[PDB]
Amino acid sequence: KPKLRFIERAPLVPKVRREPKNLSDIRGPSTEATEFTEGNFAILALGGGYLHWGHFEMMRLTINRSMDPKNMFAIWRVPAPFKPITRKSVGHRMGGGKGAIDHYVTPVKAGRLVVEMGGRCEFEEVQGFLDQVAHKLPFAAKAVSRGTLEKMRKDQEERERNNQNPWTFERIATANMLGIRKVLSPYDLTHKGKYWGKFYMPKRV
Amino acid sequence: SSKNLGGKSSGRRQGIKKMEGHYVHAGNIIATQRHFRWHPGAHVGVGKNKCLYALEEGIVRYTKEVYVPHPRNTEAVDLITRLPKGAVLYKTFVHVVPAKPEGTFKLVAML
Amino acid sequence: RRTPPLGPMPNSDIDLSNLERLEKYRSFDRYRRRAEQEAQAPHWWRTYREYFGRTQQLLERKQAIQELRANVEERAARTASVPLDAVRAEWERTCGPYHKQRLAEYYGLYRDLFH
Amino acid sequence: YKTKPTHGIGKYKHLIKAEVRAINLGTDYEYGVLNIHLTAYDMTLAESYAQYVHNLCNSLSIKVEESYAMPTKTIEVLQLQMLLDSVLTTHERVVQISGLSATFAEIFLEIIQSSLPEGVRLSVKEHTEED
Amino acid sequence: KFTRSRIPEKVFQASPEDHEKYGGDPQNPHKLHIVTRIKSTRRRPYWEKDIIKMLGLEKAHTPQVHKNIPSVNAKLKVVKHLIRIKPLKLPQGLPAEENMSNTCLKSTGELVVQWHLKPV
RNA sequence: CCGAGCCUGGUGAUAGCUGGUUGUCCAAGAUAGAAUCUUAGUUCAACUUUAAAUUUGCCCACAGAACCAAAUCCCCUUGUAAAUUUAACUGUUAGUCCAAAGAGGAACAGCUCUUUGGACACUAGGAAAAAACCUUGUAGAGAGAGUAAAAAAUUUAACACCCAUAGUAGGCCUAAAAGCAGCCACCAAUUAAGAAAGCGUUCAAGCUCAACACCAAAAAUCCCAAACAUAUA
RNA sequence: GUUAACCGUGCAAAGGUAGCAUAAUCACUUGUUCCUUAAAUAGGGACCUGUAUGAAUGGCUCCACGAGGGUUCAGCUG
RNA sequence: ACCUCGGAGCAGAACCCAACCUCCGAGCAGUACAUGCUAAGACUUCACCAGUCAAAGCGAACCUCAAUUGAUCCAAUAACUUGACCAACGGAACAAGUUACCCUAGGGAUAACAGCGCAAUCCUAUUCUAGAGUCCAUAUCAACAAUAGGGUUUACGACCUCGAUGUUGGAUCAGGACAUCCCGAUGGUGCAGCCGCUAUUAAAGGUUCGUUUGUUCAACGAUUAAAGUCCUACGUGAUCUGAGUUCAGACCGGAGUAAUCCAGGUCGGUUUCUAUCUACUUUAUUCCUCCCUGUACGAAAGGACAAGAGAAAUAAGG
RNA sequence: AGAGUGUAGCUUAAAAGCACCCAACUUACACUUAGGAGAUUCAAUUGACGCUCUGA
RNA sequence: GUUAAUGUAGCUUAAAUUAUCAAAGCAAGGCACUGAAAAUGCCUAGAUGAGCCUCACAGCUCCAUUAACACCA
Ligand SMILES: [Mg+2]
Ligand SMILES: [Mg+2]
Ligand SMILES: [Mg+2]
Ligand SMILES: [Mg+2]
Ligand SMILES: [Mg+2]
Ligand SMILES: [Mg+2]
Ligand SMILES: [Mg+2]
Ligand SMILES: [Mg+2]
Ligand SMILES: [Mg+2]
Ligand SMILES: [Mg+2]
Ligand SMILES: [Mg+2]
Ligand SMILES: [Mg+2]
Ligand SMILES: [Mg+2]
Ligand SMILES: [Mg+2]
Ligand SMILES: [Mg+2]
Ligand SMILES: [Mg+2]
Ligand SMILES: [Mg+2]
Ligand SMILES: [Mg+2]
Ligand SMILES: [Mg+2]
Ligand SMILES: [Mg+2]
Ligand SMILES: [Mg+2]
Ligand SMILES: [Mg+2]
Ligand SMILES: [Mg+2]
Ligand SMILES: [Mg+2]
Ligand SMILES: [Mg+2]
Ligand SMILES: [Mg+2]
Ligand SMILES: [Mg+2]
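Protein chains in written order, with PDB author numbering: chain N3, 47 to 251; chain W3, 38 to 148; chain 63, 27 to 79, 99 to 118, 120 to 124, 127 to 163; chain f3, 48 to 66, 77 to 138, 144 to 193; chain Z3, 35 to 154.
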């Protein structure tokens, strides 16, 4: 049914064991749902980050207000918040074990499609309200069509052939030119030089 | 509060002691383990805590052989009888190729 | 790091989606027959074996068993003797020399006699 | 180098198995859990046909999952015709089935039909029962 | 963690364009290296501090010859950011026993065998 | 100067605590951990020192190491000159920051806790000043020379011009919804203007558009080098 | 349970009685109302969840008295 | 709350690896009675002590489980052996509270005050168009959020200082910030006027007196053009105060057998310094009155600006 | 009429191995144990019978 | 906020488990009606989510709710 369903905070099975904050759940490119499945229009993540339930009901209400339910349909490409964030009650000194579970987040890597759309208009009709959604997300994001995503991957690939600088990041980091791997990660090999922490730089070759 | 308590056990120091291609006298402990990782092969014994020792003075090699268990081993004969018919199991084994010939015939007298 | 296998990985032709439909060993001994076939294969990886390694004849035999199926009366089945000395003379003529070559190799005559 | 180009050489769990309707649209309905009920006034003849069914299914590689028995009926001469009394009893037994096609459906019924002995009744159905 | 880095062998395949920018050729390769240390070994790990002593490059900017065999190349591959490798090309032949006494290396790597101090 | 006087004596009480430890000259020298009424300490180990004995030690290649990522281990060659063992000991055993993989916390801290690797407590140059970043080490005299690292780059939002009459006061549904309160429909006169896309009606008119034609910064004593776009790397 | 004289029930050696009280008396509390002042977290008089008052651990008034601790009229005075 | 031992993660692939880190468990039960004796070689929980494995041989047959535990000395015993929840688990053979009457040795290795770091909490500005504002997002207020900032609060950290960095409020004198309370200038207004709201600009000048409270606060009285927000070692104690806080005395209630204790109350309680050096030690605002005028405005109630005149007061200098 | 050919079910088996069948255990199945059954379409690589094809 | 405890018929003790008695309430019952008396039956997810067993049951997960504590500068 062609609106977004209600994403509930805190799924009905609770998590009981407190997991560590792995922040490799934000780093680098996404290998999860990078592609369009039965839709044409989306919000591409251009940086990593966590989504609250607050960002979900941001994304749910400000689409359903500004979307014709007879000509458009939407679908989530992200799950419910499953990853539990542990917050100690304020005013206490350090020590005393891990705190309690406060809220749940869902991790979103960069390059992941967030909210897919589709229906009987062209991209300039949905570009308006999807951009104010993508701007309010807790990471840089972009309202992409099914054509612009290929016309940005076309542009990001010809950019890698055109550069007149002999030195790319791959040729230097993998071959360990300056002893430069002393100041890089082991993720700096296969990410590229593009990704840096949570942030993804689309300008950079 | 830290309700969790007890995990102060130290490391077991369990692993291969004599790696592949080593000369091993008869009785040296090739590996110590829990939860079988290397099974005994030719001239390799097993102790109570599943360690592997060498039964002859030789050179230790590691192969990948075919696993057929004992028909009294009831926890793993049912492991066989749910396999499809192309299947074999292929565990890994530790052998000792013995170096010294076990003796020579020598003149002791002229009688 | 992960490097690809050199030859055919085993158990690869049977890794099918329809697992429940497969023809499924139900006995120990059927597997022990298959598994002792694999320990004579080439095996690219590493093996213990590397370090430690007419027309009137069948026509007369056809009436032979048909004749011999009647004088056992199937009364000698549900405890016959099988005289060996006649059998031995039959063995020495026919499958003596094939068998005799084994012992001459197991005892290692040929690698001492004739190189 | 720990892993190797021989890694995964012994993996004994994707090969082995671990731990309604049959939807299958268009080709459609590939008959799922069906309880064929073998019922007789005898005991031996009912058992000898479940004997015949179960060996038939494994010969045709179509899956069976139960062979249990519905318990026994307790009726006399029903006193509907000096009023008569002698206890004649009925022995029912369940044979289940899980895999069937549309294209084996009418045929596999025939081998059950043609071989069905004297005084026994079948009844195919879906599943909502317990002993 | 910072570990002992390893180089893919794809880096040490020379292109035909590399045979244009540099004077060597794959057939008939040079026999000896000229290895001079141009970077200090401090602020670099102890394995690189120890390889430099094994090649014999305690002094920076001093020249040193090594064979071009794959074993000693496998020690130059770990300290290749500290050194300059040049092929020792001999314009004349090898120095004879009468011609050991007066040679010089002649950066551009040309071990001249009779080095006089007179103009041409 | 009384929570138990004062004096002499035991008494040079004792102090895992503090302070102090005096000629010259050179050489080697940075700390894995375990126990402990123990974490201000000590004992063993590790490391360091000296003197010996002997033979290999570092670097390492194919092969090799488990099922339920960077790498290490192993290891001949090879490059090199140490290494193990014996003897006699002390001291360190209250560490810091940087990069990397993580845990705790707020994906706070010049925060805390491990691991791998640097540097620092060791001189020198640079980053303004500077422990920890970068460059560099084995030592002297020189009124010589080549070098290394090494000086932040940016300045941005104008916009069409013109033209607008009719079914019709749209079946529907609503007091009333006539382009804009709501569904379905959305055909049609003129050459061309949507049963109307934004403003403006309780319902109506009006303004336009679509259509013809035309052609980024804020805080507390006083900003803070001076400056400078053009002679050849 | 009907704010409950009362009934129901448990426990106890006995269940704080007389008085007195927002006190020099945990906290809520600068409780509440009256008087005092133009204005009162002060003071004085009352009301009493004082749920941590209370009877020689002495309770409560009252005459004198105090370099005691609060408050006040008038006068006075840098 | 914990303290010894084992499994899993962190610690992904030899070993190792911390945490008042995340999770599970153990202080046995069962079967034997060759769970007999001896003995090459090895492993080892980073030491040691403890632990583990084991070929053969001799004698005979023909252990499972992960942890499942405890040293010396002393006991008990003819002997073999057996003795602690010695669990603070490498174990002193047997010992508690209290101290504000305190003392000594120390420590900025370690707290309170202050600085600094950080900004969760706070405070502000934008971006966003839901909702409010009759209608109308943007006169005004604003949710879900997003991006930057500030360093006033409560925190956190433990880097300087314990061979002393004196502390709350007030007095005295103020220095500065502008995110302006008043005075000035301007844009918008759901600005009719009087009054407001909001924003841009401005830090020259101004920012009252009282009752209760130890109070900064607040409440309240009367005012005023307004009674601003802060920083300055919560400015300033070698300038002052000591009422609070925080010594020894003491009651009251409470906790405790008592000593004594309580961020609970209350009476009382010594505030030293002769200045070496640095630094330093004489250069106009605002309100009200009258008038416009009872005008503009509204239509009425109400009621201004700008132009002019006249009085004052505070301040600086005499 | 033209064609592919041809080992019992199957077989880059050459008289083989699997499958298969009846009992005895099992609710049955499965396992196992005791048994049971069978093929080179026929004549000198040819020739000629069995099927499956392309025909009318 | 931390520990400490409690969890119940309509109300309350219980009973070391399988759950009672005594008011509640339901009616019948000594002849003018009610209270009292005494007497059938009636009134218990033993406050929760999981089943290792078997769980008021026994450890969690919990939710309520009660007492302690919420310092020393
Ligand atoms: Mg562990
Ligand atoms: Mg440990
Ligand atoms: Mg002394
Ligand atoms: Mg020295
Ligand atoms: Mg100490
Ligand atoms: Mg630190
Ligand atoms: Mg118009
Ligand atoms: Mg009180
Ligand atoms: Mg007074
Ligand atoms: Mg009394
Ligand atoms: Mg050891
Ligand atoms: Mg033995
Ligand atoms: Mg201990
Ligand atoms: Mg006192
Ligand atoms: Mg002292
Ligand atoms: Mg400190
Ligand atoms: Mg502080
Ligand atoms: Mg609204
Ligand atoms: Mg620290
Ligand atoms: Mg101090
Ligand atoms: Mg001093
Ligand atoms: Mg301003
Ligand atoms: Mg102060
Ligand atoms: Mg003073
Ligand atoms: Mg002062
Ligand atoms: Mg006095
Ligand atoms: Mg001075």
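Cβ atoms here follow ideal geometry from the backbone N, Cα and C, with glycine treated the same way.
Proximal residues to residue i (C-beta, below 6 angstroms), its chain only, five neighbours per side dropped
i	result
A126 (chain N3)	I53 and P57
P130 (chain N3)	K61, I147 and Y150
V186 (chain f3)	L91 and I93
Collapsed DSSP secondary structure at residue i in the structure displayed
i	result
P145 (chain 63)	helix
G100 (chain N3)	helix
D52 (chain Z3)	helix
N208 (chain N3)	helix
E112 (chain 63)	helix
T220 (chain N3)	helix
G174 (chain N3)	helix
Same chain, Cβ closer than 7 angstroms to residue i, five either side skipped, listed in chain order
i	result
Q63 (chain 63)	none
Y233 (chain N3)	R73 and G74
Chain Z3 within 7 angstroms of residue i, Cβ atoms only
i	result
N117 (chain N3)	no
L224 (chain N3)	yes
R227 (chain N3)	yes
Residue i at chain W3 interface by Cβ criterion, 7 angstroms
i	result
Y59 (chain f3)	yes
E49 (chain 63)	yes
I56 (chain f3)	yes
Under 9 angstroms by beta carbon: chain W3 residues contacting residue i
i	result
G143 (chain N3)	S38, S39, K40 and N41
Beta-carbon neighbours of residue i, restricted to chain f3 and to distances below 7 angstroms
i	result
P30 (chain 63)	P52
Within-7 angstroms CB hit, residue i to chain 63
i	result
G82 (chain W3)	no
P121 (chain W3)	yes
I117 (chain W3)	yes
Chain-ordered chain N3 contacts of residue i [CB-CB under 9 angstroms]
i	result
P42 (chain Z3)	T220 and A221
Any chain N3 beta carbon closer than 7 angstroms to residue i
i	result
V69 (chain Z3)	no
Within chain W3, the residues that residue i reaches when beta carbons sit closer than 8 angstroms
i	result
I174 (chain f3)	Under the 8 angstroms cutoff, chain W3 gives no residues; its nearest Cβ is about 29 angstroms from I174 (chain f3).
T73 (chain 63)	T100, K101 and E102
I132 (chain f3)	Ordered by position in chain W3, no residue passes the 8 angstroms Cβ test against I132 (chain f3), which lies about 44 angstroms from the chain.
9 angstroms Cβ cut-off: residues of chain 63 touching residue i
i	result
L62 (chain f3)	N37, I40, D41 and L45
Any C-beta of chain f3 under 7 angstroms from that of residue i
i	result
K143 (chain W3)	no
Contact set for residue i: own chain, Cβ-Cβ below 8 angstroms, skip 5 residues either direction
i	result
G181 (chain f3)	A97, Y98, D99 and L102
Where residue i meets chain f3, residues with beta-carbon distance less than 9 angstroms
i	result
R124 (chain 63)	Within 9 angstroms Cβ-Cβ: nothing; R124 (chain 63) doesn't reach chain f3, min ~26 angstroms.
Fully enclosed by the stretch 51 to 121 of chain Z3, which beta strand (DSSP E) runs are 3 residues long or longer? Runs found: 66 to 71, 99 to 101 and 117 to 121.
Whole alpha helix (DSSP H) runs in the stretch 98 to 186 of chain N3 with 4 or more residues, listed along the chain? 100 to 110 and 169 to 181
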